[PDB]
Chemist: 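My structure is below; once you've seen it, I'll send some questions.
Just the heavy atoms: all of them, side chains too, but no hydrogens, waters or symmetry mates, feed the values below. Ligands are counted one by one from 1 in listed order, and the atoms in each one are counted from 1 as well. In this chain, numbering begins with 1 at the start of the sequence shown.
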Amino acid sequence: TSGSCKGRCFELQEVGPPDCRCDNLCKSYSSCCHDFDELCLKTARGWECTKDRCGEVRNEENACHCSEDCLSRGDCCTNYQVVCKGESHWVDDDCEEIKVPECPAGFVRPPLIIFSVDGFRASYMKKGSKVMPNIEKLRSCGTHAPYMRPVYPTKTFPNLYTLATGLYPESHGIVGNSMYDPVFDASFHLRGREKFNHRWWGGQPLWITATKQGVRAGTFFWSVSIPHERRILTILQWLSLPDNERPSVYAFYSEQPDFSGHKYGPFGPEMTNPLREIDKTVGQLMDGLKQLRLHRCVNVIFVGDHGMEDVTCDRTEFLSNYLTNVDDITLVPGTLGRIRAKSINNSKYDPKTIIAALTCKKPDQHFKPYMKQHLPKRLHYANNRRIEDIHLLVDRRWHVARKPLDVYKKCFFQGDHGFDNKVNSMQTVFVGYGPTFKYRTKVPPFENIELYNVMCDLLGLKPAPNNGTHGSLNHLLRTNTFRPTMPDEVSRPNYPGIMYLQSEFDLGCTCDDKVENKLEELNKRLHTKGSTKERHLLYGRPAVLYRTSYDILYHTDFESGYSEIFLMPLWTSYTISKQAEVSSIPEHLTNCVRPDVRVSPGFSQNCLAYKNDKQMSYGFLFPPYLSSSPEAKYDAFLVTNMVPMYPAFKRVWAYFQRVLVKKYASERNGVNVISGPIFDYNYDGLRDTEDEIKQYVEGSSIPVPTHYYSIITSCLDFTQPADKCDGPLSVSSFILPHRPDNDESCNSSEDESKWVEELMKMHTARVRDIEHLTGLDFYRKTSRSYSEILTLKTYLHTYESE
Ligand SMILES: *[C@@H]1O[C@H](CO)[C@@H](O[C@@H]2O[C@H](CO)[C@@H](O[C@@H]3O[C@H](CO[C@H]4O[C@H](CO)[C@@H](O)[C@H](O[C@H]5O[C@H](CO)[C@@H](O)[C@H](O)[C@@H]5O[C@H]5O[C@H](CO)[C@@H](O)[C@H](O)[C@@H]5O)[C@@H]4O)[C@@H](O)[C@H](O[C@H]4O[C@H](CO)[C@@H](O)[C@H](O)[C@@H]4O[C@H]4O[C@H](CO)[C@@H](O)[C@H](O)[C@@H]4O)[C@@H]3O)[C@H](O)[C@H]2NC(C)=O)[C@H](O)[C@H]1NC(C)=O
Ligand SMILES: CC(C)(C)C(=O)Nc1cc(C#N)ccc1COC(=O)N1C[C@@H]2CN(C(=O)c3ccc4[nH]nnc4c3)C[C@H]2C1
Ligand SMILES: CC(C)(C)C(=O)Nc1cc(C#N)ccc1COC(=O)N1C[C@@H]2CN(C(=O)c3ccc4[nH]nnc4c3)C[C@H]2C1
Ligand SMILES: [Ca+2]
Ligand SMILES: [K+]
Ligand code: NA
Ligand SMILES: [Zn+2]
């Protein structure tokens, strides 16, 4: 470490060791040159020009300069021009639209500066507005969302690395603020050097995507000791490098307001200061850019990782209050719980009994236990060996801790984060400002997984495969690199006619249906042939994006895509107008299941299988309850409308079909509903192939769904009915887990009106989540632009307050 940093402070291109370093990571590696702080971390005279300093003789020891050569040397204090040249601060200037990039010669593309702020809760934009004039100018003049949804867990590393990669934590591998990997036999902590081993960090983050494609990056790590002022001056110096050396993408990171927020709560009186400070740093950057003539050239993204909630020690739940075998578990504690065996050499560890002991045990309990595969699918928090089989979702405002000793042998804090990512307090911020973003534009809330695609667009890069839906944020941008196209249908449907006689079927099924007009039979003929298909299929048939064998089946009240491989529909589509009336399954038709004369015995389910199977009953995708007439109801009992359902789950499903659909049709002015099965036995969030199914209705080839979905669409303008909508659509969807019990809902021994809807809300989902899980592609035929449809497909209905 004997070498010098002279003239190589914060050098971008790296050197070969044991040879001393001068970059942000050097303190962490103990590899800094002995003159690092002296040369690279000057502080003399502070950060601002004062009037007396103007035009001075250059003293190389000052932190920044007011000397005449400073603009060209690229190292003035950010307020130099204001003080020494009578320029105005960036914030005081009117905002003027940036129609085209106004860049100095040599700039091949507008730079991107990612200004990331830790714990910057969405509502600070309104609530701290009086003290954040620079940020508020960015926000009102550029493009902003009311809030941006983080990913689960709403911790710092999982979310910054999601921003950088477009990946769910389960895919990028940073699934928590601390992690045990069972194959590394290693722990990853906020403290320590293990976290610096590359083996934890999957996917391809923006700085690597940028390099691999010939675009240079400034640092995406800043030392905690390096003050924010020196961080801004470093970015400003790099922006003054020669064309061949100068990076195109930059990052800034603020520890605030998160650092304070943990101490004082999200709205503690001590929070106003951190917000003033962040604002001042933004002011410095914008003043700096304006000096360099870059303030109408650079795209600036102001983005937070997660919000902040009120959490205190006395609001902790202790596992020792639930389990007696509390010493046989390791818990990752806090705003989420992850339990594994304290030792794998122990074959006396039983997760089922742990779960059981943690379920609805206290009238008011503030967490809920889940096997990871049972977590709401919208959290995408299962497909990683680092995520423990046992998970606890903790209520907002609470903590889980193992024993009382852990909170008083380790009250300090008033704020925390990490809860479910639909929680209002966890929402964070997005503002984009620059030539490539729109002018004075509000966009709807979106998920942070979408940004990697946009940052690649902004930089002319081709994104690595990721979890955003590329095009879903084209409406943020003035000019678009990416023009999305609908994927091609892989399998085209069959359209079978009447090909089988009743007596050919031997399904163990029975129906009371043999009751004694010519016009009446041509009417019904037109039905089985797609007459009301434009009423029940409002957005075109979904496209199957994989290779398979399936039949389109028309009926009076509904239309389906019936899979000959899975022996049940992939999808069933139907419209319930506001006027539509509910009826009951008449008594003689309770056990009614009818063969479908369009589909072979061999590609049909049978009732026998359901008899012999003591666990499994069955339900219907189009609900009998909602048939338009007594004759049409017979359609609802076709064996091709049937699906396997646990009796426990039928309680949920029956309430949704009998009560909730009609309610939605009344509130929304008609709804269109597409429901179907989902198979995700390997919990990867993607459609299972046949050979992945772990469970069949006993002694049959009838596969059992892990989940059931519905997509419920209507007109955004609810003065128009769902079936005659001229403009933007409105959607909400869910993916309900197909479970043999209702342990998840503590009050399920009450009437369905007390719990079912609360459960469905918990399992709300994006249409895009259902697409991954089914291999289907929806909304193929609408009057809407494809970009708008992508936005709709990424929409999540969250059921939170405002
Ligand atoms: C969100 O977006 C992401 C990104 O697009 C989606 O994830 C992708 O999904 C693909 C499908 O699951 C998957 O493709 C597979 O890749 C296998 C090789 O994987 C390596 O290479 C890639 C490319 O560089 C790399 O990204 C991978 O990185 C993973 O693994 C390491 C750890 O080992 C981590 O550093 C990293 O975080 C990442 O981990 C994640 O992925 C793995 C699985 O890949 C998970 O297990 C982890 O939990 C974690 O989430 C890897 O370095 C490739 O071998 C596969 O090919 C198999 O299948 C094809 C079918 O086409 C077939 O030709 C072969 O038979 C082959 O099977 C053989 O191997 C089997 C497995 O051992 C064996 O059982 C068989 O018998 C066969 O011998 C496959 O193509 C892709 O890797 C990931 N990418 C990422 C970044 O995660 C994700 O699905 C999206 N999510 C949603 C909800 O939509
Ligand atoms: C992997 C990495 C470097 C974190 C990353 O992706 N960074 C990235 C991507 C983009 C983007 N896109 C934009 C900016 C960046 C900026 O990163 C950085 O300089 N750092 C962020 C780390 C946060 N941190 C903590 O110790 C911490 C831990 C637990 C906490 N709870 N509550 N507050 C916490 C703070 C050290 C800071 C170093
Ligand atoms: C630069 C980057 C990748 C954004 C980063 O710092 N990421 C990050 C932030 C935090 C934190 N906090 C925690 C973990 C991570 C992820 O780590 C990684 O994947 N890597 C970082 C290692 C740095 N490195 C070097 O050879 C090196 C470079 C510069 C040096 N100066 N002095 N000694 C040095 C040694 C190989 C990189 C692999
Ligand atoms: Ca799957
Ligand atoms: K049964
Ligand atoms: Na229950
Ligand atoms: Zn924090």
Chemist: Looking at atom 2 (C) of ligand 2, tell me if a protein heavy atom falls under 4.0 Å from it.
Modeler: no
Chemist: My understanding is that only residues two or more places apart in sequence, or in another chain, count here; which of them pass side-chain contact (heavy atoms from CB on, under 4.5 Å) with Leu792?
Modeler: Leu729, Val731, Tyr779, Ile789
Chemist: Against heavy atoms of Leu686, which atoms of ligand 1 measure under 4.0 Å?
Modeler: 89 (O), 92 (C), 94 (O)
Chemist: Quick check: are there more than 12 heavy atoms from other residues, nucleotides or ligands sitting under 6.0 Å from CZ of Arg193?
Modeler: yes
Chemist: Which option, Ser28, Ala164, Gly261, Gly119, owns the non-hydrogen atom nearest atom 12 (N) of ligand 2?
Modeler: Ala164
Chemist: Return yes if some donor-acceptor pair links the side-chain N/O of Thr764 with the main-chain N/O of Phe734 below 3.5 Å, else return no.
Modeler: no
Chemist: Please walk me through it: do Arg768 and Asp777 pass salt bridge (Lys or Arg N to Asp or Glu O under 4.0 Å)?
Modeler: CA-CA 9 Å; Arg768 199 76 195 95; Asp777 185 73; 5.3 Å; no
Chemist: Can you check which of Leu451, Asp258, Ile226 brings a heavy atom nearest to atom 33 (N) of ligand 2?
Modeler: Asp258
Chemist: Checking contacts here: is it the side chain or the backbone of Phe157 that comes within 4.0 Å of ligand 2, counting heavy atoms only? Could be both or neither.
Modeler: side chain
Chemist: Out of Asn159, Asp305, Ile449, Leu163, which residue meets the side-chain contact (heavy atoms from CB on, under 4.5 Å) rule with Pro150?
Modeler: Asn159
Chemist: Do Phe430 and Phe446 have ring centres separated by under 6.0 Å?
Modeler: yes
Chemist: Any chance you could measure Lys793, atom NZ, to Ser472, atom OG, to the nearest 0.5 Å?
Modeler: 11.5 Å
Chemist: Determine, considering heavy atoms only, which of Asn682, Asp684, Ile449 sits nearest to atom 93 (C) of ligand 1.
Modeler: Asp684
Chemist: Where is the nearest protein heavy atom to atom 6 (C) of ligand 1: which residue, which atom, and how far?
Modeler: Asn467 ND2, 4.2 Å
Chemist: Starting from atom 33 (O) of ligand 1, locate the nearest protein heavy atom and write down its residue, its atom name and how far away it is, to 0.1 Å.
Modeler: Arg385 NH1, 4.9 Å
Chemist: Please determine whether any non-hydrogen atom of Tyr452 lies less than 4.0 Å from an atom of ligand 2.
Modeler: no
Chemist: Centres of the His374 and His391 rings: under 6.0 Å?
Modeler: no
Chemist: Any idea which atoms of ligand 2 are less than 4.0 Å away from a heavy-atom of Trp201?
Modeler: 1 (C)
Chemist: Just heavy atoms, cut-off under 4.0 Å: does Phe115 contact ligand 2 by side chain, backbone, both, or neither?
Modeler: neither
Chemist: Can you tell me the protein heavy atom closest to atom 19 (O) of ligand 2 and the distance?
Modeler: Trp222 N, 3.2 Å
Chemist: Indicate whether the side chain of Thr162 and that of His172 have a donor and an acceptor atom separated by less than 3.5 Å.
Modeler: yes
Chemist: Looking at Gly202, which atoms of ligand 1 are within less than 4.0 Å of one of its heavy atoms?
Modeler: 35 (O), 36 (C), 37 (O)
Chemist: Near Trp207, which atoms of ligand 2 are under 4.0 Å from a heavy atom of that residue?
Modeler: 6 (O)
Chemist: Does the separation of the ring centres of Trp222 and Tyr253 fall below 6.0 angstrom?
Modeler: no
Chemist: How about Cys22 and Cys32: are their SG atoms under 2.5 Å apart?
Modeler: no
Chemist: Where's the contact between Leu163 and ligand 2, heavy-atom distance under 4.0 Å: side chain, backbone, both or neither?
Modeler: both
Chemist: Just so I know, are the side chains of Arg230 and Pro227 near enough to count as touching, which here means a heavy-atom distance under 4.5 Å?
Modeler: yes
Chemist: Look at atom 65 (O) of ligand 1 and say whether a protein heavy atom is found at less than 4.0 angstrom from it.
Modeler: no
Chemist: Just wondering, more than 12 heavy atoms not from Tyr681 lying within 6.0 Å of its OH?
Modeler: yes
Chemist: Considering only heavy atoms of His417, which atoms of ligand 2 have at least one such atom less than 4.0 Å away?
Modeler: 31 (N), 32 (N)
Chemist: Among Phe302, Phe115, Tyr147, whose ring pair (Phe, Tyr, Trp, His ring centres under 6.0 Å) with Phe120 holds?
Modeler: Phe302
Chemist: Non-hydrogen atoms of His262 versus ligand 2: any pair closer than 4.0 Å?
Modeler: yes
Chemist: If the test is ring pair (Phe, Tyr, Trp, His ring centres under 6.0 Å), which one of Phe220, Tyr250, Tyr452 qualifies with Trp207?
Modeler: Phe220
Chemist: Of all the atoms in ligand 1, which lie at a distance below 4.0 Å from a heavy atom belonging to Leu167?
Modeler: 2 (O), 3 (C), 4 (C)
Chemist: Are the side chains of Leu458 and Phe437 in contact, using a 4.5 Å heavy-atom criterion?
Modeler: yes
Chemist: Using atom types as modelled and distance alone, determine if a side-chain donor or acceptor of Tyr161 lies under 3.5 Å from a backbone N or O of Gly202.
Modeler: yes
Chemist: Which N, O or S atoms belonging to the protein are less than 3.0 Å from the Ca ion (ligand 4)?
Modeler: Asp680 OD1, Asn682 OD1, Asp684 OD1, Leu686 O, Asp688 OD1
Chemist: Any side-chain heavy atom of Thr774 sitting closer than 4.5 Å to one from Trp571?
Modeler: no
Chemist: For ligand 2, does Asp118 get within less than 4.0 Å through its side chain, its backbone, both, or neither, judged by non-hydrogen atoms?
Modeler: side chain
Chemist: Name the closest protein heavy atom to atom 38 (C) of ligand 1, giving the residue it belongs to and the distance to 0.1 Å.
Modeler: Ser171 O, 3.8 Å
Chemist: List the closest protein heavy-atom neighbour of atom 30 (C) of ligand 2: residue, atom name, distance to the nearest 0.1 Å.
Modeler: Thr156 OG1, 3.6 Å
Chemist: Who's the nearest protein heavy-atom neighbour of atom 28 (C) of ligand 2, and how far?
Modeler: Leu190 CD2, 3.6 Å
Chemist: Can you find a pair of side-chain heavy atoms, one from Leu336 and one from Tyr152, that are under 4.5 Å apart?
Modeler: yes
Chemist: Would you please indicate yes or no on a ring centroid separation below 6.0 angstrom for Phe679 and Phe566?
Modeler: yes
Chemist: Evaluate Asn383 for polar contact with ligand 1, using N/O atom pairs at a separation under 3.5 Å.
Modeler: yes
Chemist: Suppose we measure from atom 5 (O) of ligand 1 to each protein heavy atom; which comes out shortest, and what is that distance?
Modeler: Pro465 CB, 3.4 Å
Chemist: Test of understanding: given a 4.0 Å heavy-atom threshold, classify the contact between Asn177 and ligand 2 as side chain, backbone, both, or neither.
Modeler: side chain
Chemist: Between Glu255 and ligand 2, which part of the residue brings a heavy atom under 4.0 Å of the ligand: side chain, backbone, both or neither?
Modeler: neither
Chemist: Which ligand 1 atoms, with their elements, are less than 4.0 angstrom from a heavy-atom of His772?
Modeler: 94 (O)
Chemist: Among all protein heavy atoms, pick the one closest to atom 16 (C) of ligand 2 and tell me residue, atom and distance.
Modeler: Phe220 O, 3.4 Å
Chemist: Is the closest protein non-hydrogen atom to atom 70 (C) of ligand 1 under 4.0 Å?
Modeler: no
Chemist: Which protein heavy atom lies closest to atom 23 (C) of ligand 2, and at what distance to 0.1 Å?
Modeler: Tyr253 OH, 3.3 Å
Chemist: Using 0.5 Å steps for rounding, measure from the SG atom of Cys26 to the CZ atom of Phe36.
Modeler: 4.0 Å
Chemist: Starting from atom 14 (C) of ligand 2, what is the nearest protein heavy atom, named by residue and atom, and what distance separates them?
Modeler: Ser116 OG, 3.3 Å
Chemist: Which of the numbered atoms in ligand 1 are under 4.0 angstrom from any heavy atom belonging to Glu170?
Modeler: 49 (C), 50 (O)
Chemist: With a distance cut-off below 6.0 Å to the six-membered ring centre and an angular limit of 45° from the axis, does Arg386 pair with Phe184 as a cation-pi contact?
Modeler: no
